[PDB]
There are 4 protein chains.
Amino acid sequence: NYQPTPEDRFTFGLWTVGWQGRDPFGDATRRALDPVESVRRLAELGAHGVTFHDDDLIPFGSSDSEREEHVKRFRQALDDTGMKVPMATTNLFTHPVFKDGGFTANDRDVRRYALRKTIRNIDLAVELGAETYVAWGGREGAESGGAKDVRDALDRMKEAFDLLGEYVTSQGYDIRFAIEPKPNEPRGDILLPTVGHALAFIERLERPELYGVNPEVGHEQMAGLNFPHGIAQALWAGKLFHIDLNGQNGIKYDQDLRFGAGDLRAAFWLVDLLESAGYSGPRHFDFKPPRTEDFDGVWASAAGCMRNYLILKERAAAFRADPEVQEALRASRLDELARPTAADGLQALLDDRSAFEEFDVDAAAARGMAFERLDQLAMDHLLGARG
Amino acid sequence: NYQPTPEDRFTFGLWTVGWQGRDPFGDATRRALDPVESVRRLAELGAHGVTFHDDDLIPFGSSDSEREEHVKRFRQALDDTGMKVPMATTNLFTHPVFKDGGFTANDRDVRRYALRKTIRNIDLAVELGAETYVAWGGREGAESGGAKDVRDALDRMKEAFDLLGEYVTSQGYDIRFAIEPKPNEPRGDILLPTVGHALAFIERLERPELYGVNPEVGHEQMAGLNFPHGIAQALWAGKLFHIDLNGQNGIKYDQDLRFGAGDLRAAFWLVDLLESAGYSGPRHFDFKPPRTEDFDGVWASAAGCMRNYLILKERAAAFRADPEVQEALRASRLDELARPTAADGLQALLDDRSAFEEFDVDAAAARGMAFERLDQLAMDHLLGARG
Amino acid sequence: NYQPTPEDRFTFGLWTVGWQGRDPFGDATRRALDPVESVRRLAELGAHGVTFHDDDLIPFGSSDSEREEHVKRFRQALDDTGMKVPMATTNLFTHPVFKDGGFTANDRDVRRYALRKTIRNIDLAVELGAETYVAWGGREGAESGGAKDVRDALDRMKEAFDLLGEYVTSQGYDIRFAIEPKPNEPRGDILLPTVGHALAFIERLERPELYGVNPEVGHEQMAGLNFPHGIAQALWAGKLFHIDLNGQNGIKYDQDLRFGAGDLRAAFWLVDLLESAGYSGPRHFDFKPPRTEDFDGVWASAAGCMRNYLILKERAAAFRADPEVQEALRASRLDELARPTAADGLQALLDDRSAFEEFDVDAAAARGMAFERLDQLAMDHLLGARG
Amino acid sequence: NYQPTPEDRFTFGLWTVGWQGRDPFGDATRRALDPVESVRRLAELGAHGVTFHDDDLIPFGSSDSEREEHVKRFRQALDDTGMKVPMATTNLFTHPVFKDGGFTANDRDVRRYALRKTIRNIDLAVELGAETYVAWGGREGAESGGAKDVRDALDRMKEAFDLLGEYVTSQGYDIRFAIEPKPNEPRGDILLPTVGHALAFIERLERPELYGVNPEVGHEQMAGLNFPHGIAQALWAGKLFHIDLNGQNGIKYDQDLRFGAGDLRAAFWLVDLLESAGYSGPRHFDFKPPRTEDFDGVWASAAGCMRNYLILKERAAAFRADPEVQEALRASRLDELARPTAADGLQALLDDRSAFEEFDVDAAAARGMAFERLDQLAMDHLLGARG
Ligand SMILES: O=C(CO)[C@@H](O)[C@H](O)CO
Ligand SMILES: O=C(CO)[C@@H](O)[C@H](O)CO
Ligand SMILES: O=C(CO)[C@@H](O)[C@H](O)CO
Ligand SMILES: O=C(CO)[C@@H](O)[C@H](O)CO
Ligand SMILES: [Mg+2]
Ligand SMILES: [Mg+2]
Ligand SMILES: [Mg+2]
Ligand SMILES: [Mg+2]
Ligand SMILES: [Mg+2]
Ligand SMILES: [Mg+2]
Ligand SMILES: [Mg+2]
Ligand SMILES: [Mg+2]
Ligand SMILES: [O-]
Ligand SMILES: [O-]
Ligand SMILES: [O-]
Ligand SMILES: [O-]
């Protein structure tokens with residue numbers, strides 16, 4: 001009944017289930033979860049692996065002595081359970097020294113510090129076997145306009161990612177980076193607000209081949225955009241190295257609801273797309289069990305995630321296979337969208353009088369697109385009202 | 001008293017002042033303005049030139065006979081007044097044959113037609129002397145998810161812009177293109193929603209050098225982003241070929257208010273940036289005098305535009321020159337932002353123990369950024385409360 | 001298979017299916033539909049009745065002669081089909097004389113005119129048998145701040161509704177009014193933006209008993225609010241005389257998609273509420289078939305509406321009846337929410353030391369709310385994944 | 001040079017300047033400020049008084065012994081400086097026992113507890129001399145739909161405010177309550193989201209006369225509404241007992257920027273309104289110095305607040321007095337808006353043939369409103385470009 005298996009590629013962040021529940025207007029409602037503990041409960045539910053921030057596994061300020069002790073206990077846990085670690089990131093947002101940013105902070109000294117803190121937790125990412133490395137520059141921005149020269153910051157940002165590449169290139173690591181956009185929160189405005197702004201940025205770096213994106217549901221939905229639309233340009237441009245799943249009800253604070261929640265009609269068009277294009281990386285889940293819940297609630301919430309994906313995957317599978325849905329698509333000319341417009345060459349088109357001088361625009365404009373039917377059909381499938 | 005002169009580069013679209021006032025819920029409140037008429041009133045107010053859609057100058061369905069008559073009358077007008085035409089575009093949104101799009105429409109035949117309609121009004125753009133050519137794909141999108149394969153559409157979009165380049169390359173024209181993003185309205189979702197999404201798209205075309213952007217105030221402010229932030233990546237990436245100025249009060253229908261209106265604190269940080277980076281192209285104005293106004297109102301509204309830019313330009317000039325503002329900037333370390341972080345090389349940084357092993361993070365984090373003062377200063381300048 | 005019958009109370013506006021497709025950036029894509037024609041197709045699909053604007057049935061400027069001819073043809077149509085007319089409204093937004101508003105316009109003369117135009121189409125509303133009368137003040141607002149004294153406008157608004165009541169009171173009509181809020185579009189800001197702002201306004205009129213609300217899905221969802229939350233205060237306060245159903249994808253232009261579309265998880269919590277509280281009025285549908293469609297598309301789109309309501313009604317019915325959903329509710333204490341907090345009186349509470357001096361706050365705060373389970377359950381029901 | 005004096009009525013919350021800087025994604029960047037310390041620095045800058053949450057002055061869990069010690073030290077501070085305390089509130093959001101709400105929480109026991117916690121800090125509000133008492137129900141809402149019966153919650157909410165009134169009525173206190181709306185954050189959706197939703201709620205309580213509102217800038221601007229528009233209905237309905245000033249850049253997390261910041265054109269239309277209607281209560285400031293700042297920054301940020309109000313007050317004063325602005329207003333008929341529409345009675349209007357049968361609608365619709373000029377004038381005044 002929609003049971004998950006490691007072969008599904010469902011992964012979680014230690015900081016997701018582990019969220020203690022502290023929000024601007026409230027203290028923590030839950031007690032700390034030990035990383036080994038999250039790992040057994042997850043493996044048990046049907047996951048594949050887990051992701052982490054340096055600061056999640058190794059507490060800030062930890063000596064290299066205690067630092068070994070947390071990596072061994074984790075190491076052992078991964079083995080007794082079989083879980084994997086296909087992605088890792090740095091924590092350049094919590095500590096106060098990052099109040100103005102990491103790679104883009106004004107204090108030059110603060111920038112160097114954040115470049116090392118990363119390089120350090122990259123040697124560990126590999127040591128464990130992570131394939132992708134993500135970077136979320138949440139403290140990279142400004143509330144006021146004279147606080148940041150956006151042109152100077154974009155320089156300090158390319159210089160940061162470049163160095164990192166030169167490092168992985170020398171260290172002959174097979175790892176690749178994933179830049180995660182957010183339009184805002186915790187800064188008034190964040191650098192590289194959406195997938196689009198990050199994709200362009202990557203075509204300016206020295207080694208573009210080593211960079212991609214890790215678009216998150218709610219984040220793109222914080223600017224009011226169509227998430228699936230955005231996962232399309234990344235794939236079209238071959239840059240979807242990773243993805244963060246969750247829920248978001250519109251434009252407002254980053255909610256991070258469990259997957260399926262929020263915009264349900266949208267999560268249906270994402271799975272479909274991810275299945276069609278053959279996305280094989282991990283189906284990550286960057287969510288936060290609400291603070292009105294306890295631990296039995298955190299595990300139910302993380303169960304709902306995978307389960308919602310599985311059903312949606314099914315309901316989408318049928319959608320495409322339905323012999324009737326297939327003819328509606330032809331009725332709406334999605335087959336003609338796939339066909340090149342001018343494979344006949346420019347010259348051919350400039351002389352072809354069927355495209356202008358003789359085109360019957362009136363007869364053509366009267367041709368209905370039949371989009372409302374193909375949708376209600378889609379709707380019956382998601383609800384399971386077809387039969 | 002803030003009088004404009006053609007040397008300011010203020011330009012307008014024939015369809016701006018000429019707007020008749022028809023909105024979804026209302027008939028037109030103003031009568032049609034003849035293009036020659038807009039041209040004399042504008043030259044009179046202190047402008048430099050005007051932009052246009054093929055359909056603005058040459059009514060849809062016009063024979064090549066009447067078509068010559070509108071280009072001559074315009075031609076003569078430009079001369080008796082001295083106005084110039086530094087930008088031109090096609091109209092792929094009004095006619096019903098474009099209900100599903102132009103370059104990305106599903107009906108292949110509709111795509112070819114829209115490629116020619118453009119190529120035609122490109123030969124005219126040059127004939128007049130336009131330097132830039134803009135493209136706004138407003139009908140390029142979908143309301144439902146199965147209505148468009150976003151990967152197939154991005155193919156038909158690259159194929160469209162490519163052909164156009166092959167054409168201008170053969171026709172040895174010195175013109176360049178400008179893709180204008182919009183996140184939505186009139187379609188539920190529009191392809192290449194923001195500046196970011198268009199910048200990445202341009203690095204995939206065959207001839208990237210011939211493409212740029214024409215970001216519009218309200219449009220980026222329809223997704224809730226920081227406009228100036230966005231004009232920074234375009235400049236940083238050298239792609240600001242043109243720009244559309246106007247006003248927008250938040251997230252909602254595209255208002256197109258006169259310049260200065262809407263977010264005033266933002267229009268102050270844009271002019272400053274445009275002046276600093278030395279933006280020399282035109283200061284275009286894509287606005288719509290509200291329908292509660294008559295013609296004396298349309299001319300006052302177009303007067304307010306340039307005037308607001310001029311004052312803002314002044315108030316920003318003083319801001320930067322103020323000896324006190326200059327030391328606040330140093331106080332907030334914008335001078336250190338400009339300084340490279342690791343010109344000493346990767347190796348130097350990996351050994352430099354001043355950046356990690358010995359960095360005093362606590363002492364550094366206690367260092368205030370002093371951003372609130374530099375802003376109130378900025379605020380006094382905009383209001384003119386410094387003295 | 002989710003077939004509707006007049007006993008469902010599904011109604012439509014003549015201006016919904018009849019929409020010709022003209023948007024700010026496009027001419028009409030469909031031809032005019034004659035009112036009698038909409039009436040036969042609708043009765044055929046399974047409806048109960050239709051609503052209208054004076055201007056929909058009787059074209060603006062029509063003489064009392066032709067005016068009788070449109071009311072007779074309509075009259076006859078209603079009979080050959082059995083359809084009813086349970087609601088009617090005035091059209092104070094299209095004509096240019098309403099560019100500054102109707103009841104709140106500055107030109108005093110324009111206000112009187114709009115008061116009569118209404119009183120006229122009220123005598124007709126009854127003549128036909130409408131039970132409710134709706135008022136949408138879309139042109140009541142301003143783009144600029146000095147354009148309207150909001151205190152003076154609220155006076156001219158109470159004076160407008162008052163007079164109307166004095167009229168229906170004298171004409172001994174059994175009709176009641178329904179004020180429909182919108183936060184914006186076509187004006188920069190609209191008076192009485194949300195349900196809340198209209199509910200308060202009604203408690204100031206002379207005859208409050210004769211007024212209520214007609215909240216529309218997308219409209220409240222244009223400000224980013226929770227629609228069902230809003231339909232709750234209206235019912236709690238006994239003011240839901242009518243309702244407009246449709247779809248809206250977030251914050252942006254008013255889409256008016258068919259019902260079910262947009263936020264699907266929200267339309268599930270609305271039907272449930274409407275069924276629980278026993279809402280018996282009409283399940284109106286104020287939507288707009290998209291302009292990429294033709295007539296076969298307009299009828300399919302209006303079919304999807306009712307169908308989506310029917311399924312959602314079912315999936316919600318099961319939800320509540322599920323013996324398991326019932327114990328989850330008890331698990332989450334919705335039964336304790338219904339229980340009064342201090343029926344024991346103030347004094348009893350001030351002495352009751354179980355509520356403060358001895359309350360164990362720590363033990364109580366540790367009590368999980370179990371909300372994530374009751375939701376995934378809800379989710380399985382909507383998708384039909386329970387079994 | 002825009003210096004404030006207690007006669008201006010500028011007040012602050014202890015929790016504003018005192019904010020330590022902890023946000024969802026970051027630890028505190030500033031150290032704790034002692035209440036007596038905030039009081040001396042504020043009195044020094046030019047304030048009138050300060051507001052507080054029980055939990056700000058008396059730490060949660062404090063014994064009645066230490067509880068006296070904090071009220072005496074505060075008491076003395078107020079005297080050595082002369083500051084006043086015209087408003088006080090309870091803290092029903094931080095502690096975890098309020099994770100599901102206070103007055104509306106499901107656990108009945110949690111509701112009683114929160115009713116007492118309030119009644120307690122009301123006896124103290126008076127003891128000090130506060131005139132108004134505010135209530136912000138931030139934890140009153142839900143993320144999921146089955147988590148809360150919105151009809152049951154509105155019952156538990158009226159029962160809460162009622163009891164409080166019965167208490168102040170018996171305790172013969174001269175105090176009055178102020179309900180502060182927020183559409184969201186920290187809950188997915190909050191009960192009584194906007195000023196409108198709270199105004200209606202007040203007309204259902206047992207003792208309406210004892211209730212009002214305390215609208216906050218950013219909060220109403222979180223739903224995308226026009227703040228000044230909203231302060232107009234409250235005044236029109238005589239319910240503006242208090243107000244919270246600050247800044248907010250659009251729709252997103254609650255920023256709480258210093259006053260003047262965010263939407264500057266809007267803060268100009270608010271002061272004008274507050275000055276015209278003769279608002280005499282306090283000009284409260286509920287803001288948060290950003291966490292990139294230290295203490296010298298917190299005092300500069302709180303200086304900018306009052307200063308921005310003072311200038312805006314001036315620039316607005318001139319606006320109204322300008323002989324030219326006065327004739328523009330007449331030109332735009334704001335004088336006719338103030339004039340009653342039908343003081344002649346219903347009958348008079350029904351017979352008056354100048355309002356319909358003979359009204360020249362075409363001649364009337366051609367009458368421009370001249371709104372764009374009156375605005376550019378307004379703009380010149382705010383910038384100080386008139387002369
Ligand atoms: O996206 C967020 C928060 O909005 C983070 O969890 C990143 O994924 C990791 O830095
Ligand atoms: O931006 C718009 C409308 O939102 C257009 O005026 C383009 O500039 C021209 O197609
Ligand atoms: O709501 C709208 C448009 O947003 C109207 O159809 C009203 O229902 C009738 O005036
Ligand atoms: O408005 C907020 C936070 O958004 C509070 O500071 C209230 O004023 C007090 O509970
Ligand atoms: Mg997030
Ligand atoms: Mg994430
Ligand atoms: Mg625009
Ligand atoms: Mg434009
Ligand atoms: Mg609508
Ligand atoms: Mg409606
Ligand atoms: Mg706030
Ligand atoms: Mg507040
Ligand atoms: O997140
Ligand atoms: O535009
Ligand atoms: O509507
Ligand atoms: O706040």
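We name chains A, B, ... by the order of the sequence lines, and we start the count at 1 in each one. Just so you know, these numbers use all the heavy atoms, side chains as well, and skip hydrogens, waters and symmetry mates.
Proximity to chain D (any heavy atom under 4.5 Å) is restricted, for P290(A), to the side chain, taken from C-beta onward. Using a 4.5 Å cut-off between heavy atoms, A28(A) contacts chain D through its backbone alone, with no side-chain atom that close. Proximity to chain D is limited to the side chain of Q255(A), based on heavy atoms less than 4.5 angstrom apart. Interface remark: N91(A) contributes no atoms to any contact with chain D (heavy atom separation under 4.5 Å). Proximity to chain D involves both the backbone and the side chain of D27(A), based on heavy atoms less than 4.5 angstrom apart. Only the side chain of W136(A) has a heavy atom closer than 4.5 Å to any heavy atom of chain D.
The greatest number of non-hydrogen atom pairs below 4.5 Å with chain D, out of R22(A), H95(A), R139(A), is found for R139(A). Looking only at heavy-atom pairs under 4.5 Å with chain A, the residue among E143(D), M222(D), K252(D) that has the most is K252(D). Residue with the most contacts toward chain A among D189(D), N184(D), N249(D): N184(D) (heavy-atom pairs, distance under 4.5 Å).
A distance-only check finds no donor-acceptor pair linking the side chain of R187(D) to the backbone of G101(D) [under 3.5 Å]. Checked by atom type and distance alone, the side chain of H219(D) pairs as donor or acceptor with a backbone atom of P181(D) at under 3.5 Å. In terms of modelled atom types and a separation under 3.5 Å, the side chain of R111(D) and the main chain of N106(D) share a donor-acceptor contact. At least one donor-acceptor pair under 3.5 Å links the side chain of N121(D) to the backbone N or O of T89(D).
A salt bridge links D54(D) to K117(D): one of the charged nitrogens lies within less than 4.0 Å of a carboxylate oxygen. Using a 4.0 Å cut-off between a side-chain N of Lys or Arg and a carboxylate O of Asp or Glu, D107(D) and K99(D) do not qualify as a salt bridge.
Between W15(D) and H53(D), the ring planes are perpendicular. Angles over 60° get that label, and only those under 30° would be called parallel.
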